[PDB]
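Let's start with one chain on its own, the form deposited in one PDB entry, as structure tokens.
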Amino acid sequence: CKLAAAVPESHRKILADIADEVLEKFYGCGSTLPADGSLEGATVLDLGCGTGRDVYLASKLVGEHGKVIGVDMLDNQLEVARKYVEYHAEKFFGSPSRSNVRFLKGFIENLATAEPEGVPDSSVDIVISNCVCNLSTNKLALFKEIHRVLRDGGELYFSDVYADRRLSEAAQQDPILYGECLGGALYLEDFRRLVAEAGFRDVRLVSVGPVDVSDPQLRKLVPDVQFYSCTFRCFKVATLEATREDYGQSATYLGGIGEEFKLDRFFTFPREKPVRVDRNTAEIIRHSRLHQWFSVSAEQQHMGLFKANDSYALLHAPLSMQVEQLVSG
């Protein structure tokens, strides 16, 4: 995969404990994870888990009441993943039989028929993945399958490559672009309509990096296209609306999973300081696992669109203007 991202310090220690073979043969870049504290007790599913680097990492972070599932279709990668279950149970939880992980073989677009067992409806709290979408062009079925396995309050928390415009037919047929995850890149606005068709009505930017195309033969197929690496979080929450409405609410981060909670690029909550929120963000806080570390005030009368944020114009803007402006400048 990419050059991608720097490994956060809290993970470094845990990676030193992970079997060297799992690390050595792992395909692609690490799945990024929500703040570590927020994972305790969660059920996490990694799509495209490979040899299990991210599954084993999460295994420790979710603790013994948490559970982790990895899914993949590369036989060679799973055989490796499957045979370090005990290794890691001992090393994390003092015994070979106390494992909170499992590995499933199947296409990520169809988790219900993955091979030891399927993933049932409404059973996962967090689905993670890094750079898996641009390799299939049935993105839609993949988004609907993630919607299906998530419980209410669950999130798809993921990184992929997107484009600031629609690639040409020629760019989408190119095999070098394809294998770099560029050629299957969605236009951000098409991505937004598509995950909303799958049921995720609200997409929050966590971070964005520029992705460059340098080879001058390649650049000719995608001449003014700007590509981005975006981490988004998309919550499955029954009451989310298409718009960000002010109902007079504020939320207060109570402490206990960091100095401050960073929900997305528009909303940071310093410990014990109330922050005005739109009702979608109130509802995410309330119905997701995050409620344990927050206090959210009651809905008042509808006050119109939410403006009580210092980037409120960008907050309401299409996804490509958010990404474009938050990348740099």
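Counting begins at 1, following the sequence as shown. C-alpha atoms forming the largest set that superposes within 1.5 Å between two forms make up the rigid core.
Omitted from view is the form deposited in another entry, to which the following refers.
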Of the candidates 90, 245, 109, 189, the only Cα that travels 2 Å or more between the shown form and the other one, given a rigid-core fit: 90
Given a superposition on the rigid core, I'd like a yes or no on whether residue 307 shifts its C-alpha by 2 Å or more between the shown form and the other one. no
With the core lined up, does the C-alpha of residue 319 move 2 Å or more between the shown form and the other one? no
Comparing between the shown form and the other one on the rigid core, is the C-alpha shift at residue 156 2 Å or larger? no
Which way does the C-alpha gap of residue 210 and residue 29 go in the other entry, closer or farther, given it changes by 3 angstroms or more? closer
In the other entry, whether the C-alpha atoms of residue 210 and residue 27 sit closer or farther than here (change of 3 Å or more): closer
